[PDB]
Amino acid sequence: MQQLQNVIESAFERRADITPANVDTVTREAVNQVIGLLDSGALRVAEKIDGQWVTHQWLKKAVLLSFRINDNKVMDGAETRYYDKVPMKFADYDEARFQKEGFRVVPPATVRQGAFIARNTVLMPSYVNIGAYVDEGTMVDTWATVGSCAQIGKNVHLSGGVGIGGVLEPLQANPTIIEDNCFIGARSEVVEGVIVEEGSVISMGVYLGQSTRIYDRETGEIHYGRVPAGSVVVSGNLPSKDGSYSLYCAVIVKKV
Amino acid sequence: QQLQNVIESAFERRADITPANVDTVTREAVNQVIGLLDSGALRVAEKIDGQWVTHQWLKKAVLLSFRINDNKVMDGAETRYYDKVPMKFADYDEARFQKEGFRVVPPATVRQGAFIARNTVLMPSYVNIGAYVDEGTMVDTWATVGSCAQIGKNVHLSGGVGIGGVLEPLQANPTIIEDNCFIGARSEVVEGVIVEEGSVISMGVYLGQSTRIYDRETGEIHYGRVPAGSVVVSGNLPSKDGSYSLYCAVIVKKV
Amino acid sequence: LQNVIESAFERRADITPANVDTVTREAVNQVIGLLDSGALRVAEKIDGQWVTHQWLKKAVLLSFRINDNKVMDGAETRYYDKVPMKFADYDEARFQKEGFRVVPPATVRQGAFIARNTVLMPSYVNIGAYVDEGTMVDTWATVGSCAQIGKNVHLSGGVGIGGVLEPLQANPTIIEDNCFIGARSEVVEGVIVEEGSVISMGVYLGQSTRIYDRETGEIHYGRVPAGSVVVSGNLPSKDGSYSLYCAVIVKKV
């Protein structure tokens with residue numbers, strides 16, 4: 001909504017002066033409502049429009065505000081205790097609910113309220129942060145991480161130990177995006193708003209950040225920030241002029 | 002073999018079986034096999050005449066357990082889960098723990114159907130179904146022992162190490178880490194690769210079926226297997242025109 | 004305290020949870036509570052130099068000897084270990100007073116100090132560790148045994164900071180103030196990352212890792228000079244037939 005957006009926006013500018021104590025009823029109710037929409041996948045931080053990914057800045061503002069209006073609470077672990085201000089997405093789920101939503105949650109996988117998980121999805125022990133969106137039939141392997149506002153497409157395989165970087169600030173920047181049917185090999189990391197295009201295959205040990213050189217062995221071209229669809233990517237190195245040493249890089253070995 | 006026949010029969014008809022229609026006998030057979038796997042009486046792969054052999058039927062049993070069981074809500078304390086594979090230590094008492102001989106550091110988790118041997122230390126980590134972890138082994142923080150994987154005695158699995166599970170293909174052998182091997186932090190060993198006894202793998206080594214393993218000594222290239230006593234480190238091999246280089250594992254010394 | 008510990012250490016083999024003497028148990032318990040609260044620390048900076056207090060390492064090792072394994076109730080599961088949970092008895096007020104955050108399911112062992120303004124995302128902090136003010140620990144990161152983490156340090160996701168109990172001589176892994184460690188990187192075996200350094204992703208630093216200074220052609224071992232900007236690389240073999248991993252300092256801030 002609009003008044004919803006207005007409320008979020010005005011409050012955001014006053015963020016520094018807001019406390020769980022002083023917050024006004026309208027702000028509060030506004031933020032809470034937006035979080036619920038993110039959680040149910042009604043709204044989403046980034047989306048694909050006319051072949052392009054666009055970010056809803058105000059949605060980023062709502063998530064940030066949520067950190068200001070909520071106070072840290074003691075959370076009862078069993079053998080231990082926690083202390084945080086973001087609630088667990090499944091704290092109140094029941095058998096009926098789980099059945100309806102159609103995904104699996106293997107202990108001790110944990111998800112923050114404010115993240116959406118689609119049907120046919122399997123969460124092995126892992127972590128899903130607030131504002132993330134995980135689409136249908138995706139498999140999240142052991143010890144993987146889906147950071148804030150991250151967008152995970154359909155039929156994605158995030159192998160074990162895989163990290164998907166979160167992106168809140170700057171507000172302008174798109175989150176990290178993994179398109180449909182992508183395969184991400186174990187121990188790989190995709191962060192900082194890098195976009196991995198549809199049907200791509202990333203092998204093990206591949207680290208992709210905004211500064212990673214993506215060498216196209218075919219063209220001899222270097223790309224940054226994005227992995228073209230159908231790419232087959234592996235780790236490698238690029239030599240120095242004198243060849244006395246070489247530096248890490250990702251290589252597109254083949255295009256499907 | 003009754004047990005085995007029952008498993009094999011059911012498998013052929015997996016498609017038509019459900020947690021509802023499955024018959025008394027099949028259910029019992031499967032539960033029974035899972036229990037044997039859980040206690041180490043049976044194992045997915047074993048050494049025979051010096052070579053690793055895989056028992057497909059055991060894989061079938063595991064796969065069948067997924068089909069006859071239903072997802073259930075599991076109460077975490079702060080959260081809730083929903084899965085069909087029970088926890089191995091849910092009914093354990095002190096007596097049992099004491100008898101079994103290993104340590105489980107919170108929040109380490111193990112799925113029922115996996116064998117943990119005495120003198121083993123599990124730091125926070127995950128051990129999946131059908132795995133076998135032998136004596137005096139150390140599993141560090143955030144490591145993973147995948148399905149059906151075989152870990153020998155006195156093995157050290159450093160932090161963040163992943164050992165790839167292999168259910169299917171049925172015929173594929175699981176990932177095996179032989180006795181007395183050392184695996185460095187952040188290494189990954191997957192797809193049925195076999196790491197021979199007494200090997201030392203350093204940090205950041207990724208071994209899968211297509212990983213070239215370069216013997217700097219002889220200049221050969223091995224695949225799917227690390228010969229006993231090898232010291233392996235991460236490296237790269239150059240392109241024909243030297244404009245770039247690709248990832249590889251290098252054998253720098255054989256102890 | 005120190006004298007008792009050293010004395011007890013010498014007789015370590017004669018000590019078990021079954022017969023540990025009164026004085027020895029008391030002292031070890033006291034020392035662990037001191038580490039836990041930051042009153043003592045394994046390694047400290049004195050006159051520009053990091054010094055290791057072996058007697059503290061000795062105290063930790065004894066704690067393991069004098070204590071028995073106990074069943075620990077998990078909700079859906081059970082555990083069996085001999086080191087207690089730091090936060091098991093915490094209450095709101097304590098958490099409030101201490102001023103740090105613990106995101107489920109991050110876990111901390113008793114004997115580890117966590118300072119004010121710290122944020123622990125799901126991670127693990129082993130015994131004897133020291134985590135200074137305003138540090139951020141990301142998801143699936145590990146702060147190993149006796150490790151010293153400075154103020155305003157950012158430990159990225161999946162980062163492992165290696166523990167160092169034994170050898171007793173060895174100083175623990177040290178991460179100075181204002182350091183940034185990139186995702187999936189690993190610093191172990193007592194390597195010292197000096198203040199203000201930036202480590203990119205997938206960098207593995209051990210005592211044997213060659214830390215190549217592209218500018219000077221110098222190679223460091225076990226230490227990252229202050230203000231370094233480090234990335235992964237490789238050094239070619241004499242012939243040029245293959246190359247081997249290394250860390251490269253590409254610039255100094």
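Protein chains in written order, with the deposited numbering: chain A, 1 to 256; chain B, 2 to 256; chain C, 4 to 256.
Using N, Cα and C, we set each Cβ at its ideal position, and we do this for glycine too.
Inset, instruction - In angstroms with no decimal places, state the Cα-to-Cα distance between residue 12 of chain C and residue 69 of chain C. - result: Along the third sequence, one-based indexing puts residue 12 of chain C at 9. Along the third sequence, one-based indexing puts residue 69 of chain C at 66. Taking the straight line joining both Cα atoms gives about 11 Å.
Legend entry - Counted within 10 angstroms of its Cβ, other Cβ atoms place residue 129 of chain B as buried (16 or more) or exposed: The residue given as residue 129 of chain B occupies position 128 in the second sequence. In the assembly as shown, residue 129 of chain B is a buried residue. Its beta-carbon has 16 or more other beta-carbons within 10 Å.
Inset, instruction - Round the Cβ separation of residue 207 of chain A and residue 187 of chain C to the nearest angstrom and send it over; I've been treating them as touching at under 8 Å. - result: In the first sequence, residue 207 of chain A corresponds to position 207, counting from 1. In the third sequence, residue 187 of chain C corresponds to position 184, counting from 1. About 7 Å separates the two Cβ atoms, so the contact holds.
Inset, instruction - Count the other CB atoms, across all protein chains shown, that sit within 10 Å of the CB of residue 49 of chain B; report buried if there are 16 or more and exposed otherwise. - result: Start at 1 with the first residue of the second sequence, and residue 49 of chain B comes out as number 48. It counts as exposed.
Inset, instruction - Would you mind stating whether residue 230 of chain B and residue 250 of chain B have Cβ atoms separated by less than 8 Å? - result: By one-based count along the second sequence, residue 230 of chain B stands at place 229. By one-based count along the second sequence, residue 250 of chain B stands at place 249. No.
Inset, instruction - Taking 8 Å as the cut-off, decide whether the C-beta atoms of residue 178 of chain A and residue 191 of chain A are in contact. - result: As a working mapping, residue 178 of chain A is identified with position 178 in the first sequence. As a working mapping, residue 191 of chain A is identified with position 191 in the first sequence. Residue 178 of chain A is not a Cβ neighbour of residue 191 of chain A, given a cutoff of 8 Å.
Inset, instruction - Taking 8 Å as the threshold, find out whether the stretch 20 to 40 of chain B comes into contact with the stretch 55 to 66 of chain B through three or more Cβ pairs. - result: Three or more Cβ pairs closer than 8 Å define a contact, and the stretch 20 to 40 of chain B meets that threshold against the stretch 55 to 66 of chain B.
Inset, instruction - Determine the closest residue to residue 139 of chain C out of C:6, C:244 and C:185, with distance taken between C-alpha atoms. - result: By 1-based counting over the third sequence, the position of residue 139 of chain C is 136. The closest CA to that of residue 139 of chain C, considering only C:6, C:244 and C:185, is found on C:185.
Legend entry - C-alpha gap between residue 30 of chain A and residue 62 of chain A, whole angstroms: Stepping through the first sequence from its first residue, residue 30 of chain A is reached at position 30. Stepping through the first sequence from its first residue, residue 62 of chain A is reached at position 62. Between residue 30 of chain A and residue 62 of chain A, the C-alpha separation is close to 9 Å.
Legend entry - Every unbroken alpha helix (DSSP H) within the stretch 38 to 75 of chain C, with a cutoff of 4 residues, ordered by chain: You should have 57 to 69.
Legend entry - residue 144 of chain A, DSSP secondary structure in three states: Indexing the first sequence from 1 puts residue 144 of chain A at position 144. In the structure shown, the three-state DSSP call for residue 144 of chain A is strand.
Legend entry - Nearest residue (CA-CA) to residue 180 of chain A, options A:43, A:239, A:227 and A:58: Residue 180 of chain A sits at position 180 when you count from the first residue of the first sequence. Minimum Cα distance to residue 180 of chain A is reached at A:227.
Legend entry - Residue from B:221, B:170, B:143 and B:168 with nearest C-alpha to residue 160 of chain C: Along the third sequence, read from residue 1 onward, the residue named residue 160 of chain C stands at position 157. Comparing Cα positions, the closest option is B:143.
Inset, instruction - Using 10 angstroms around the beta-carbon of residue 45 of chain A, count the other beta-carbons present and answer buried if the total reaches 16, otherwise exposed. - result: Residue numbering aside, residue 45 of chain A sits at position 45 when the first sequence is read from its first letter. Buried, by the Cβ-count rule.
Legend entry - Extent of the continuous beta strand (DSSP E) to which residue 254 of chain B belongs: Position 253 of the second sequence, counted from the first residue, corresponds to residue 254 of chain B. It spans 246 to 255 - the beta strand (DSSP E) in which residue 254 of chain B sits, taken as one unbroken run.
Legend entry - Cα-Cα separation, residue 149 of chain C to residue 211 of chain A: Translated into positions along the third sequence, residue 149 of chain C becomes position 146. Translated into positions along the first sequence, residue 211 of chain A becomes position 211. Rounded to whole angstroms, residue 149 of chain C to residue 211 of chain A spans 34 Å at the Cα level.
Inset, instruction - Mind checking the stretch 72 to 83 of chain B against chain C and listing, in chain order, the residues whose C-beta falls within less than 8 Å of any C-beta there? - result: Residues passing the 8 Å Cβ filter: 75, 76, 77, 78, 79, 80 and 82.
Inset, instruction - Report yes or no: do the stretch 112 to 121 of chain C and the stretch 78 to 95 of chain A share at least 3 C-beta pairs separated by less than 8 Å? - result: Short answer: they don't touch.
Inset, instruction - Using DSSP bridges, identify the partner residues of residue 237 of chain A. - result: Mapped onto the first sequence, residue 237 of chain A falls at position 237. BP columns for residue 237 of chain A point to A:248 and B:246.
Inset, instruction - Give, in chain order, every unbroken run of the alpha helix (DSSP H) that is at least 4 residues long and sits entirely within the stretch 92 to 148 of chain A. - result: List check, alpha helix (DSSP H) in window: 95 to 101.
Legend entry - residue 8 of chain A, enclosing alpha helix (DSSP H) - first and last residue: Counted from its first residue, the first sequence places residue 8 of chain A at position 8. 2 to 13 is the span of the alpha helix (DSSP H), which, as asked, contains residue 8 of chain A.
Legend entry - Selected residue, minimal CA-CA separation from residue 53 of chain C, among C:109, C:121 and C:193: Locating residue 53 of chain C in the third sequence gives position 50, counting from the first residue. Among C:109, C:121 and C:193, the Cα nearest to that of residue 53 of chain C is on C:193.
Inset, instruction - Grab the span of the beta strand (DSSP E) containing residue 81 of chain A for me, first residue to last. - result: Within the first sequence, the letter at position 81 stands for residue 81 of chain A. Unbroken beta strand (DSSP E) run through residue 81 of chain A: 81 to 84.
Inset, instruction - Would you tell me roughly how many angstroms separate the C-alpha atoms of residue 261 of chain C and residue 172 of chain B, rounded to the nearest one? - result: Any answer about residue 261 of chain C is impossible in this case: the structure gives chain C only from 4 up to 256.
Legend entry - Identity of the residue in C:119, C:111, C:72 and C:217 nearest residue 99 of chain C by Cα: For this step, residue 99 of chain C is matched to residue 96 along the third sequence. Minimum Cα distance to residue 99 of chain C is reached at C:119.
Legend entry - chain C contacts from the stretch 161 to 172 of chain A (Cβ-Cβ distance under 7 Å): Residues of the stretch 161 to 172 of chain A with a Cβ closer than 7 Å to any Cβ of chain C, in chain order: 161 and 163.
Legend entry - Residue ranges of each alpha helix (DSSP H) within the stretch 188 to 233 of chain C, 4 or longer: Counting only runs of 4 or more, we get nothing.
Legend entry - Where residue 107 of chain A falls, given that 16 or more other Cβ within 10 Å makes a residue buried: For this step, residue 107 of chain A is matched to residue 107 along the first sequence. So residue 107 of chain A counts as buried.
Inset, instruction - Please state if the CB of residue 255 of chain C and the CB of residue 233 of chain C are separated by a distance shorter than 8 Å. - result: The residue you call residue 233 of chain C lines up with position 230 of the third sequence. The residue you call residue 255 of chain C lines up with position 252 of the third sequence. No, these two residues do not count as a Cβ contact at 8 Å.
Legend entry - Residues that DSSP places opposite residue 178 of chain C in a beta bridge: For the purposes of this step, residue 178 of chain C is taken as residue 175 along the third sequence, with counting starting at 1. According to DSSP, which records beta bridges pairwise, residue 178 of chain C is partnered with C:152 and C:196.
Inset, instruction - Identify every residue that forms a DSSP beta bridge with residue 90 of chain A. - result: Taking the first residue of the first sequence as 1, we reach residue 90 of chain A at position 90. According to DSSP, which records beta bridges pairwise, residue 90 of chain A is partnered with nothing at all.
Legend entry - Straight-line Cα distance separating residue 183 of chain B from residue 253 of chain A: Looking up residue 253 of chain A in the first sequence gives position 253. Looking up residue 183 of chain B in the second sequence gives position 182. Their Cα atoms are separated by approximately 31 Å.
Inset, instruction - Express the C-alpha separation of residue 135 of chain B and residue 4 of chain B in angstroms, rounding to a whole number. - result: Within the second sequence, residue 4 of chain B is the residue found at index 3, counting from 1. Within the second sequence, residue 135 of chain B is the residue found at index 134, counting from 1. Roughly 25 Å between the two C-alpha positions.
Legend entry - residue 124 of chain B and residue 79 of chain C closer than 8 Å at C-beta: Here the question's residue 124 of chain B lines up with position 123 in the second sequence. Here the question's residue 79 of chain C lines up with position 76 in the third sequence. It is not a contact, given that the beta carbons lie outside the stated cut-off.
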